[PDB]
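What follows is a single structure, written as structure tokens, with notes after it.
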Amino acid sequence: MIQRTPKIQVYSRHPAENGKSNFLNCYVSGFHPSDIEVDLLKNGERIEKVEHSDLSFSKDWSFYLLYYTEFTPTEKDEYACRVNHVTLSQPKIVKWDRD
Amino acid sequence: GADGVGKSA
Amino acid sequence: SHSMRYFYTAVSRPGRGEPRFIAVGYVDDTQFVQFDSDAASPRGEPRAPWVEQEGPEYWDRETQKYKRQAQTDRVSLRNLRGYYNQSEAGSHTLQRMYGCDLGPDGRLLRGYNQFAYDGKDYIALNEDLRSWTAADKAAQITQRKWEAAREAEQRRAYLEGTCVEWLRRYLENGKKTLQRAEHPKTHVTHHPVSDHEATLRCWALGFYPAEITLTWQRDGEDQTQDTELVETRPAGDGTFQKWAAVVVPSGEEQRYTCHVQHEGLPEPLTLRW
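Protein chains in written order, with my numbering: chain G, 11 to 109; chain L, 1051 to 1059; chain B, 471 to 743.
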């Protein structure tokens, strides 16, 4: 019985420009088993209308999923990804860093 | 085009 | 090279109904089909434009393959729980990946068909597509089972025949997007950490296919040790992203170059901050 915790990346589809429409991505990978809960947050509040890709897995059998939502970045709005999984004693938040 | 279904494990 | 690849996942949930079955198919790094037994209307669904225009009988045929496969995988999950004598209250996962590869030739190069149970290798067709390799004694039951019914003969027939015929058809119908390479869009960023240390990051965005090599070099020789790579990630639009970071002594940035190699680049790229 394998139990592997998800790697989490938070990033935009295109280079983020304030005021221009974009997509916010939360990529979870390398986890097992496949049950996982992923929420996108704006200023700590859960974003409704988040879509996700179809469950696939890697050559090492670990699963990956992309969660995404359209957004328009601003200089002060804060965005994050909240992930829960059986390996996580408490939910994990990864903040979007424009990098 | 997916493979046809074979025998159970 | 070009490839067609399928990924099956089946997950038991005792007391919550029958196991869920999910299937996805790809040509190279482009998904073109999905099936989910838990979907609102469970049927084969297109994920790429070059299978959208396939007719309703094609889709009806694929949907019935998946429903039949879903039933067979629920049986395998129950059999596997018996082989290992596991409690009937636990959830378990059965995964399968299979596919075929075309060489630079455009002719068949290799095929494969592999299984995992609860995230661990279970049984696999060998590279010759004629014999099996079982991971433990429970998988030997399946091997004895499958070789008694010449399962490998059936799978080789698909992988070396039908699978290549579909792949060629897909490559032709979707040639505008499948047989083009989009080069990475690159740039280098710099972040000072301390009086003695800085970090260089080399970005690659919007490239297809996913395979790419980002290498940092000092004085022209590759420095794989100090570099830090992210996992290549999907942009969500069909292209991919990746970056490589290296920690450099502050002030020595100009001795470092990032080497970018991609199918979409006519010659490799040398980047300097």
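In this text, a Cβ means the ideal position worked out from N, Cα and C, and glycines have one as well.
Query	Result
B/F502: contacting residues in chain G (beta-carbon distance under 8 Å)	Within 8 Å Cβ-Cβ: nothing; B/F502 doesn't reach chain G, min ~11 Å.
Buried versus exposed, by CB contacts within 10 Å (16 or more), B/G706	buried
Alpha carbon of B/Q541 to alpha carbon of B/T533, nearest angstrom	13 Å
Positions along the segment 628-653 of chain B whose CB lies within less than 7 Å of some CB in chain L	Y628, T632 and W636
CB contact check: B/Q556 to chain L, cutoff 7 Å	no
Entirely enclosed beta strand (DSSP E) segments - the segment 700-741 of chain B, minimum 3 residues	710-719, 726-731 and 739-741
Option nearest B/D588 by Cα separation, candidates B/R614, B/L599, B/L550 and B/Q610	B/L550
Inter-residue CB distance, L/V1055 and B/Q565 (contact presumed, cutoff 8 Å)	Wrong, their Cβ atoms sit about 16 Å apart, outside the cutoff.
Partners in chain G for B/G589, counting only beta-carbon separations shorter than 8 Å	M11, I12, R14, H42, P43, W71 and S72
C-beta neighbour in chain G for B/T479, strict 7 Å	yes
Member of B/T740, B/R703 and B/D571 whose CA lies at the smallest distance from the CA of G/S68	B/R703
Residue environment, B/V545, which counts as buried when at least 16 other CB atoms sit within 10 Å	exposed
Partners in chain G for B/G706, counting only beta-carbon separations shorter than 7 Å	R23, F33, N35, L76 and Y78
Residue-level contact to chain L via CB, B/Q539, 7 Å cutoff	yes
Contact with chain D by B/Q565, beta-carbon distance below 7 Å	The structure shown has no chain D; the protein chains it does contain are G, L and B.
Contact residues within the segment 78-98 of chain G, judged by C-beta distance below 9 Å to chain B	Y78
Helix, strand or coil at B/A605 [DSSP, three-state]	coil
Segment contact, 8 Å Cβ cut-off, at least three pairs: the segment 644-664 of chain B with the segment 514-528 of chain B	yes
In DSSP terms, what B/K590 is bridged to	B/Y587
Neighbourhood of B/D508 by C-beta distance below 6 Å, restricted to the same chain and skipping five residues each side	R490
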